[PDB]
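Two forms of the same protein chain are encoded below as C-alpha cells; each is given separately, as structure 1 and structure 2.
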Structure 1
C-alpha cells in the first residue's frame, strides 16, 4: 500500500513577502496521520491555526489567501505545490508574518529544503480523490476543468497578450511524477510585467518582488540578465501555481486537470464546485505501488 508521508526533520527558512515586503520566518514541522497541512501564525497571542482547505480560502487577489476571521496567511500556493510535488501529506507550517516567503519565486528552495530534511512514511493508507465524471467552471474568457485520467495530468494553455510571446499562446502538458515535478515544473519562477508592477509599488503593494526573486518583463524582452530557466518557463509556473491551489482539496487527485487562462480564483472555484458534486468523485487508496498509477520519490 501507499502510505501517508511527513517530514523526517525540522526545516527553517527566512525571506520576504512579495506583496507584504515584511521579513518572515517559516518553520516546517512533522505532523500526525490525517492532519493535512496547517498554517499557523505564531506571532499572535494566542496562536491562530488555519488548516489548508478550499473553504478557508477567502482572498484570491494575485495570491492564494487563507482566512480565519481577521487573520490571514498570504501567498500559500508555491510551498503547497512543493509539498504536493514531493507528496508531503501532513506537516505543520508556522509563520512569523502574514505572508509566506517568496524565496527565489519558484517551488525550488522548498524542494531542496524538504529533500535534505527527508520524508517519513506512516502506518495509514494515503487517501486519494478519484474523479468519476467531468466537472467545469467558466468565468468570462477564463475556463477550468476536472476530467478522468488514470494518474495525475495537468495541461495548460494561456493567451498572454504581450510582444515577448511572438503573438503565440503557451501550452504545456505534464504527467505527474516526483521526478516529473522536480526536473520540469519545480524551478518555474513567478513573473511580473512592468505595466501591472508600476501601480502596485507606488501604493506600497507588491514591494517584495525584484530580479532576485521574480521575472521582470519589459515590452522589448525579459530584463533578467540570464533569461529563462526553461524555454517553457511562464506556462510551467502557471502549472506550478495550479498544483498548489488544487492541493487545498486536502487530498491528492487522480484525474486530468485542464486550465485555460485560469487563475487562483477559478482554481479555488473548481474545488468547491467539485466537492459539492459528490456523484463526481469517490475516495480511493492503493494496496500496491504497482496498482497505484502515481510514483512518489521513495522516502
Structure 2
C-alpha cells in the first residue's frame, strides 16, 4: 500500500518573506491522517488556521497567497512544492508572520530540514487525484493543461524576451518515475529582474529580494557571482512552482501537467476548472504499492 505520510519530528526554520521583507519563524508539526496541510498564523490572537486548498487562494499577483478574511499567508508555493515532492500529506505549518520564509529562493532548504527530521508513514491509504480527461485553461498567450498519464509528469515552456533567456533552455519535461524531485527540481531558485526592483517595491513586492534568495537578472547577465545551479534553472523553477500550486488540490496527482508561459494565476484557474469538472477526475488509492504507477523514497 502507498501510505499517507506526516513528519517524524517537529521542524523549525527562520527567514524573511521575499515580498514583505519581514522576519518569520516557521514550525512544521506532524498531523493526523486526513488533516492535509494546514497553515497557522500563531502571531495572531486567536490563532488563524488556513487549509492549503485551492478554495483558500485569495491573490496570485507574484506568488500564491492563502486568504481567510483579512488574514493572509503569502508565498506558499515553494514550501508546498517541497511537501508534494516528498509525499507529505498531513502537517501543521505554523508561521509568526504573513509570509512563508524565502530561504535560498528554492525548495532545497525545506527539503533538507524535512528529510533531517524524517517522515512517518501513517495507517491510511494515500489518496490521489487521477486525471481521466484533458482539462485545459487559456488566457491570452498563456496555457495550463492536465492530461491523463499513468504516473506523474510535468512539462513547462517559458519565453522571456531578454538576452539572458535567449539561447538558454526554455523548455523542460520531468517524469517523476525516472527523475528525482530532490536532485533535479528542488534546488532551482526563484528569479527576478533588477530593472523592475523599484516598481515592485512600490507595489509591496520583492522587499526582501536579493542575490541571497533569488537569481537577480540584470540587462545582459545574471548578477549572482556564483552563477546558476542548472543551465535550465529558470524553467526548472517554474516546474517547482507548478508542483507547489498543483498541491493546492489537497492530494498528489496521477496525470500530466503542461505549462505554456503559465504562472500562479493560471495554475489556480486550472485547479478551479478541474475541481468543477468532476467527469475529468476521480480519487484513487493504491492498496498494493507493488503494482502502483508511482513510488516514494523510503521514509
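Note that the rigid core is defined as the largest set of C-alphas that superpose within 1.5 Å between two forms. Residue numbers count along the first chain shown, from 1.
**Q** Please look at 118, 227, 167, 148 and say which one has a C-alpha shift reaching 2 Å or more between structures 1 and 2, core superposed.
**A** The residue that shifts is 167.
**Q** Is residue 205 one of the residues whose Cα moves 2 Å or more between structures 1 and 2, with the core superposed?
**A** Passes the 2 Å threshold, so yes.
**Q** Comparing between structures 1 and 2 on the rigid core: C-alpha of residue 179 shifted by 2 Å or more?
**A** Yes: residue 179 shifts by at least 2 Å between structures 1 and 2.
**Q** For residue 194, give the CA shift between structures 1 and 2 in Å, the superposition being done on the rigid core.
**A** So the C-alpha of this residue moves 1.7 Å.
**Q** Give me the C-alpha shift of residue 131 between structures 1 and 2, core superposed, in Å.
**A** For residue 131, the alpha-carbon shift amounts to 0.4 Å.
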